[PDB]
């Protein structure tokens, strides 16, 4: 059977974790705000010629439960670090998520991809170069996405799978 990859989508409340995931899985854009408790999805895809099963965990952005992320970070094989390009605090929040995964997994070599979402919106507050500079300093790819237009949606998840394959 095809190889399964456990992907985890993390980031601050409202950055678009669920809209991105639901675009990937269901080809539909969720316009409404339905803040997540915890949801899981499955999709089979072809990446670099190889069929793979994506098992995606869509996590909560609620800061009150930040101490409850340890278990899913232990289980996850790769992480999408999502911020919104029109929300500077969401970009600042990224470093804490990254540090948390590094601490929980006790490793500098965790498959991660930096995702700058809501690229369709005109109210940008985070420079593309700044995100690109941050991803460079982490050693990970950076992908600009729009859950609304689908720009980069497949690329974000596919690139994360490629980061897992190189690690494993």
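Residue numbers count along the first chain shown, from 1.
Averaged over Cα atoms, the B-factor as recorded in the entry is higher for 103-111 than for the other of 103-111 and 56-64. Between 90-98 and 77-85, it is 90-98 that carries the larger average Cα temperature factor according to the deposited entry. Based on the entry's C-alpha B-factors, the most elevated value among 34, 120, 70, 38 belongs to 70. Among the modelled residues of its chain, residue 43 has a C-alpha B-factor that falls in the lowest third according to the deposited record. Among the modelled residues of its chain, residue 27 has a C-alpha B-factor that falls in the middle third according to the deposited record.
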